[PDB]
Amino acid sequence: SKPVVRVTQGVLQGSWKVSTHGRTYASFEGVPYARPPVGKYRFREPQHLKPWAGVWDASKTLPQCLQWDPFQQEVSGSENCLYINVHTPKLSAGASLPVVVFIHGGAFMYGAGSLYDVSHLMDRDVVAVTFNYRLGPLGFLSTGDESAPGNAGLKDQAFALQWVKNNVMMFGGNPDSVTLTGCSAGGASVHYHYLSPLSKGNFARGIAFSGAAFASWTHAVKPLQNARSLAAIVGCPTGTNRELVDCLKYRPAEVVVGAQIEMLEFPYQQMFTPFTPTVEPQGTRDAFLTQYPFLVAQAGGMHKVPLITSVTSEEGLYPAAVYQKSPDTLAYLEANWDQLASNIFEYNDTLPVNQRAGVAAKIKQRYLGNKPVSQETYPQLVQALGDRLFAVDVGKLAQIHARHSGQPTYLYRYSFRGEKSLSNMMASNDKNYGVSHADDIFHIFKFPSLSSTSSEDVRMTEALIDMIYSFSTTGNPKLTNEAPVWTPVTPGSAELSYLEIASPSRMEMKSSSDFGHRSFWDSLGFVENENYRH
Ligand SMILES: *[C@@H]1O[C@H](CO)[C@@H](O[C@@H]2O[C@H](CO)[C@@H](O[C@@H]3O[C@H](CO)[C@@H](O)[C@H](O[C@H]4O[C@H](CO)[C@@H](O)[C@H](O)[C@@H]4O[C@H]4O[C@H](CO)[C@@H](O)[C@H](O)[C@@H]4O)[C@@H]3O)[C@H](O)[C@H]2NC(C)=O)[C@H](O)[C@H]1NC(C)=O
């Protein structure tokens with residue numbers, strides 16, 4: 001007899017699944033949490049879902065949000081994609097389990113909640129929650145005015161957190177013990193939820209894996225320039241912002257999503273998108289965010305709940321791993337370094353054009369010693385990209401939360417290299433380039449063909465899940481009993497305490513005065529964070 005739950009909008013029938021270690025759990029997939037954002041509701045904030053008649057089939061995951069998938073080089077999914085997936089080993093309203101919510105990555109351009117299998121997590125007494133939010137121009141169009149204020153896809157997320165608060169009890173989750181977690185755009189997304197009034201009081205604690213809302217690729221400074229370009233590529237007449245959004249509302253969703261890749265200086269190898277979170281205009285009704293993330297954070301405006309944030313030793317394998325796919329790509333980066341530095345390091349909009357030559361030469365000086373880009377300099381290219389894109393702003397996230405929150409704030413550096421890496425998928429080889437962006441996450445979740453059953457990988461899976469469970473219950477994150485105590489970041493210290501996770505059996509407390517080599521990246525004159533003005 002298949003598992004059944006009533007939620008606010010009606011009755012769900014799910015499936016019975018098995019955890020990694022042979023335990024039964026209830027799985028409810030393809031649960032709608034919002035009206036389909038279709039027709040006049042393309043680009044608009046999520047609308048309330050009208051209750052459904054009869055029993056809704058929650059046995060299968062439903063379509064991912066319509067997206068440019070750069071790995072498959074196609075448009076895939078559907079406009080009808082606002083689906084949540086809820087997994088419980090205790091299907092009982094009185095179970096009151098910690099709730100682990102996961103916001104997927106994909107640079108706000110691609111991905112899906114349904115790619116992340118919760119088999120490992122279901123060997124613990126938590127409810128796991130994955131979900132879809134609108135992506136690319138569908139999720140993040142902005143004309144910088146009431147026509148398209150921006151952040152639709154973050155409003156989808158907030159709406160999903162609101163849905164979890166109102167409905168997770170029926171799956172045996174404690175709404176008052178939600179652990180909000182995410183990776184890449186999802187980690188940035190967790191940080192965005194700390195900053196927004198919309199998500200205040202809707203999570204007890206956070207984990208931002210390899211992502212912060214302070215990172216340039218997570219934030220659009222010139223949305224109206226992006227919207228006009230998209231509209232022009234698609235043959236929409238330029239005139240009023242009203243006419244622009246109206247023409248985009250009536251073009252096929254597939255034409256609007258696919259067109260983004262044809263924009264001028266579109267991210268090299270399509271690993272990021274200009275359709276990202278932005279600052280919504282002043283006086284926007286129920287805005288997600290009306291001020292630049294750094295100014296909200298430094299005013300102490302982040303929600304006062306604990307935080308784990310984290311990076312891997314070779315973060316830059318996103319995107320640098322895709323550079324190994326074609327053997328011509330490193331030679332192309334060498335030949336065109338001066339034009340493409342502002343691209344791959346994502347300061348297209350936050351540095352004057354006349355300053356690009358200068359900054360390009362400083363980056364090549366600092367990390368490559370001015371050597372040509374090649375297989376020999378690949379590791380330094382990876383460190384450079386990982387520092388700029390992920391590690392620096394993860395360090396600022398940890399420090400600024402530790403500084404303002406009055407709450408335990410933890411940092412980890414993951415340097416365990418297991419059987420498999422995300423580099424395998426992105427490079428299409430089995431070469432070891434170190435520990436990629438998301439190689440820790442691929443131990444918590446099963447991602448298609450990036451799951452291992454080696455003894456050492458299985459132990460890391462247990463350790464990282466013990467980190468989430470211990471953080472969600474006691475509040476003191478602990479991977480193993482033998483590990484030295486994980487110390488929080490000291491409020492107001494120039495020094496950042498982090499757990500260095502070399503392996504499941506080897507981790508110790510370390511310290512950086514210059515996390516991600518911030519002193520270098522802060523000195524290049526990017527109009528970001530400490531240097532931001534209107
Ligand atoms: C990265 O940063 C760089 C540096 O700022 C950005 O580069 C700017 O890119 C924009 C285009 O996105 C470009 O703007 C064009 O400038 C020209 C000035 O000579 C204009 O001719 C051109 O106008 C057309 O396009 C507009 C929309 O982009 C329309 O609103 C306008 O009506 C024009 O439309 C005509 O032409 C189109 C085809 O182009 C046609 O289909 C229409 O029907 C119509 O006939 C733009 O305004 C800037 O010049 C660039 N600046 C520099 C210095 O290079 C870049 O956009 C950023 N990229 C990302 C991804 O963020």
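All residue numbers refer to positions in the sequence shown, counting from 1.
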When the ring centroid of [X] is compared with that of [Y], is the distance short of 6.0 Å?
X: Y410; Y: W486; result: yes
X: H193; Y: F288; result: yes
X: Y268; Y: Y332; result: yes
X: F131; Y: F102; result: no
X: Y532; Y: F294; result: no
X: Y367; Y: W521; result: yes
X: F272; Y: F108; result: no

* In sequence, state the C-alpha distance, the side-chain angles, and the governing distance for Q282 and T290, and then conclude on side chain to side chain donor-acceptor pair (under 3.5 Å). => CA-CA 6 Å; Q282 217 65 10; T290 54; 4.8 Å; no
* Asked: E528 and salt bridge (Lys or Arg N to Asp or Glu O under 4.0 Å): which partner among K396, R388, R533?
  -> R388
Beyond-backbone contact of [X] with [Y], side-chain heavy atoms, under 4.5 angstrom:
X: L244; Y: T240; answer: no
X: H404; Y: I400; answer: yes
X: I363; Y: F345; answer: yes
X: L317; Y: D439; answer: no
X: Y414; Y: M460; answer: yes
X: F140; Y: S142; answer: no
X: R242; Y: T143; answer: no
X: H104; Y: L135; answer: yes

* Assess whether side chain to side chain donor-acceptor pair (under 3.5 Å) is satisfied between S216 and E346, documenting all intermediate values. => CA-CA 6 Å; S216 54; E346 290 273 319; 5.3 Å; no
* More than 12 non-hydrogen atoms from neighbouring residues, nucleotides or ligands closer than 6.0 Å to CD on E530, yes or no? ->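 Yes, because the 6.0 Å sphere around CD of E530 holds more than 12 heavy atoms from other groups.
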* To do: Verify the neighbour count for atom CG of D430: are there more than 12 heavy atoms of other residues, nucleotides or ligands below 6.0 Å?
  =>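 Atom CG in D430 is not packed in, count stays at 12 or less.
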* Asked: Side chains of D514 and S519: is there a donor and an acceptor less than 3.5 Å apart?
  -> yes
* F209 and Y412 aromatic ring geometry - parallel, tilted or perpendicular at 30°/60° bounds -> perpendicular
* Asked: Do the rings of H303 and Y194 sit parallel, tilted or perpendicular, given the 30° and 60° boundaries?
  -> parallel
* Worked check of side chain to side chain donor-acceptor pair (under 3.5 Å) between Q64 and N132 -> CA-CA 7 Å; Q64 52 175 35; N132 300 338; over 6 Å; no
* Under the criterion side-chain contact (heavy atoms from CB on, under 4.5 Å), which of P267, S184, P319 is the partner of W217? ->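 It is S184; the other options fail the test.
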* To do: Using the side chain to side chain donor-acceptor pair (under 3.5 Å) rule, take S512 and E495 through it: C-alpha gap first, then chi angles, then the decisive distance, then the call.
  => CA-CA 6 Å; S512 192; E495 220 68 22; over 6 Å; no
* Asked: Nearest 0.5 Å, what's the CG-OG distance between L411 and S511?
  ->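 One gets 10.0 Å once the value is rounded to the nearest 0.5 Å.
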* Asked: Checking salt bridge (charged side-chain N to carboxylate O under 4.0 Å, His left out) for the pair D349/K222: CA distance, chi angles, key distance, verdict?
  -> CA-CA 7 Å; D349 314 316; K222 304 185 192 180; 5.4 Å; no
* Of the options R285, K155, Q291, which is the one that meets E280 in a side chain to side chain donor-acceptor pair (under 3.5 Å)? ->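 When side chain to side chain donor-acceptor pair (under 3.5 Å) is applied between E280 and each of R285, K155, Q291, only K155 qualifies.
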